[PDB]
Amino acid sequence: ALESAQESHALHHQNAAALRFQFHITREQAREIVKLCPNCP
Amino acid sequence: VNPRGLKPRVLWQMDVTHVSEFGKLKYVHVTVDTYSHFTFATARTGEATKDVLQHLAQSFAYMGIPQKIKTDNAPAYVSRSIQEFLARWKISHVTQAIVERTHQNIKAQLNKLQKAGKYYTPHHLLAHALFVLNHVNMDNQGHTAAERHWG
Amino acid sequence: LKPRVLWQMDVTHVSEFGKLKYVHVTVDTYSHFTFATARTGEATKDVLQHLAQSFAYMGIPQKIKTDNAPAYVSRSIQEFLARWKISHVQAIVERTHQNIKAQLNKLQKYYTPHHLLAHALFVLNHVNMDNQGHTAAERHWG
Amino acid sequence: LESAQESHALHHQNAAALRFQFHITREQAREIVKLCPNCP
Ligand SMILES: [Mg+2]
Ligand SMILES: [Mg+2]
Ligand SMILES: [Zn+2]
Ligand SMILES: [Zn+2]
């Protein structure tokens, strides 16, 4: 699930709430993707 | 905050913002529902009366009909064509931070989307940005702006 | 069986628009929620932009059904839908053409074909209702 | 019915929209569409 969440944010750069519910991942997991994303400060 | 709508399609806000990266289409008209934060936007060649009328028609197909719309005191908005247009449509007009934040939210999403890939026109870029803000991004309880606008 | 599962997409011709006679039409097969744009052609560039506008207007579907037009089967469309995680595969969209052209005729003054089409789409989606009193927008998000 | 008639003159919506939105009879709303010259 997290594998598809990561590459989906790379396409749309949605917020952590969208990554958390759509792909069923932890809050700290979804928040980490946004920080780790270079296009999302 | 500003006086917002108690339920969707009651009170809208509309204002133009400038995206200089669009060149000739830098006049980005923005319309946002004050209740659901459902946002519609178009990039046009100007902010004249002809541009506002077409953006208003596009807003209605995208979001429905509101009871009231709040704009600033721009010449185009206070023109007679706009006043008499909203009169036929039975839409009231009144004379701002909600739509200003929408400007920030739109410009923020636009910047993020370049680094993913190249687009064809500002219309292409803007369509993608609007899709994310309205149909992807969600609140703490997991609802999109579209679901709040039609729920 | 529920909204945003299966869409249909095909271009139709409205000669009253002149240069913008290539009207791209996208319709949800469940809710009949309809989106349309008038473009200068039916090329791959036109389809890609119409697809982006469709997504902002209607959301993401699971599958989209088109005819065998060159643009739709092109590699740009195939690889675009691939990143979007959308699968790709006719009477429903043909009826939509009729419904769009019918509303366009009734509405005749507007500024551009974009103006006319926006009004037509507003009526079909947000005004016209079924026997139990629901619009296509309410069925698409209900 | 007065606001339903002139609303159809603007949008030319179907009779079902006129019936529920403005609260008029079916035969009233159907008559407006026939009476409308742009709706054959
Ligand atoms: Mg302004
Ligand atoms: Mg075809
Ligand atoms: Zn990002
Ligand atoms: Zn009529």
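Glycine also receives a Cβ, built like all others from the backbone with ideal geometry; neighbour counts cover every protein chain displayed. Each reported figure results from applying straightforward, stated rules to the coordinates on display, with no laboratory input.
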Inset, instruction - Within 10 Å of each Cβ in peptide C:36-45, how many partner chain Cβ atoms are there on average? Round it to a whole number, please. - result: 1
Inset, instruction - With the cut-off at 39 Å, report for the protein assembly as shown the share of all Cα pairs above it, as a whole percent. - result: 14
Legend entry - Most positive-pole-ward Cα, D:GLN28, B:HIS29, C:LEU104, against dipole of the protein assembly as shown from beta carbon charges: B:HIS29
Legend entry - Fraction of beta bridges assigned by DSSP in the protein assembly as shown that are antiparallel (%, nearest 5): 70
Inset, instruction - Run down the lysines and flag those whose C-alpha is under 18 Å from the C-alpha of B:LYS115, throwing out any fewer than 8 positions away in its chain. - result: A:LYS35, B:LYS107
Inset, instruction - Please work out how many pairs of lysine residues in chain C are eight or more positions apart (or on different chains) and have Cα atoms closer than 27 angstrom. - result: 24
Inset, instruction - Please report the orientation-averaged projected area of region B:69-127, defined via the convex hull of its C-alpha atoms, in nm². - result: 5.6
Inset, instruction - Determine the principal axes of the Cα atoms in chain A, then give the extent along each, sorted from largest to smallest and rounded to whole angstroms. - result: 22, 18, 14
Inset, instruction - Treat every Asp and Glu Cβ in chain A as -1 and every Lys and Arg Cβ as +1, leave all other atoms uncharged, and give the resulting dipole magnitude about the Cα centre to the nearest 20 debye. - result: 160
Inset, instruction - May I ask you to list the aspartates and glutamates whose Cα is less than 18 Å away from that of B:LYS50, ignoring any residue fewer than eight positions away on the same chain? - result: B:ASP15, B:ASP72, B:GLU84
Inset, instruction - Using only C-alpha positions, report the orientation-averaged shadow area of the convex hull of region C:1-105, nm², one decimal. - result: 6.2
Inset, instruction - Over the whole of C:96-108, what's the average partner chain Cβ count within 10 Å per residue? Rounded to a whole number, please. - result: 2
Legend entry - Dipole magnitude (debye, nearest 20) for the protein assembly as shown, charges at Cβ of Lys, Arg, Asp, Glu: 180
Inset, instruction - Would you calculate the separation in nanometres between label points at A:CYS40 and D:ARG30, each defined as 7 Å from the Cα along the Cα-to-beta-carbon direction? - result: 5.5
Inset, instruction - Only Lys, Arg, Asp and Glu count, each charged at its Cβ (+1, +1, -1, -1), so figure out the dipole size of chain B about its Cα centre, rounded to 20 debye. - result: 120
